[PDB]
């Protein structure tokens, strides 16, 4: 059948216009298009990661109540995905920050996650992602926040769902052993932790350029993370990756995924960045019918599922 347990795409829109909070749906942000998601499901994709903003989901304080309107729009997309049998990743796309300030309260963060996870606790196709790309924070705080999120999710009775944890330094695969070895200490009573890493192929790994360093830089940038997963008996998932519409990037993406698939005993899969209805001519857009990456990469990616 497939190279991985999971292979799919990010579905972007609800995290857009982050300078406008709460902002206005249809003006500053939008929710993903379930008809466009269905096209990717029909192509074989079975996981979709859906960014949102913490401040739009639970405004004012992390310990507060949900914004009903934003939660209902967001959960309609989540429930469409799981209703079709695919896994849906709930991603607070917040960089370890709440209203621009680094999160430093494990107890506040745990409460945020109990409030949110309580709304999905009976849906075993939901996956929780503690936060997108912690960075420029103390490593012990990042590990503690991941643990606080796990604690809040399980305490809320959401015990059947995988939890994607993310490291410091933008959770990059290529720097994982440099910054994030202390993430090994995370515990989960359900034993469903997956280490979510991101890997881009431009010079700074930021994923802002359609040019890759070389045709082999992808494989080179995931070797150490793979060794770490295998050495420590952990599982991983490449929750973001992309490359530009050129042969060097396509071969780099292929070589990276080939290596992950060769090591599928620890790599559970990968999800492209990104699809969604508001990307226009984005260098990495996986949105049908005409996204640049949909045109250039979809048939390459279908090799793996």
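Positions refer to the first chain, counted from 1.
Visitor: When the Cα temperature factors in the entry are averaged, is it 259-267 or 235-243 that ends up higher?
Guide: Going by the record's values, the stretch with the higher mean is 259-267.
Visitor: Which has higher Cα B-factors on average according to the PDB entry: 9-17 or 285-293?
Guide: So the stretch with the higher mean C-alpha B-factor is 285-293.
Visitor: Highest Cα B-factor in the PDB entry belongs to which of 217, 149, 143, 137?
Guide: Spelled out: the listed residue with the top C-alpha B-factor is 137.
Visitor: If you rank every modelled residue in this chain by C-alpha B factor, which third holds residue 92: lowest, middle or highest?
Guide: Lowest third of the chain for residue 92's C-alpha B-factor.
Visitor: Could you place residue 130 in the lowest, middle or highest third of its chain by Cα temperature factor, using the values in the record?
Guide: Lowest third.
Visitor: Which third, lowest, middle or highest, does the C-alpha temperature factor of residue 122 belong to within its own chain?
Guide: Answer is middle: the recorded C-alpha B-factor places it there.
Visitor: Residue 114's Cα B-factor: lowest, middle or highest third of the chain?
Guide: Lowest third, going by the recorded CA B-factors of the chain.
Visitor: Once the chain's modelled residues are ordered by C-alpha B factor and cut into thirds, is residue 76 in the lowest, middle or highest one?
Guide: Highest third.
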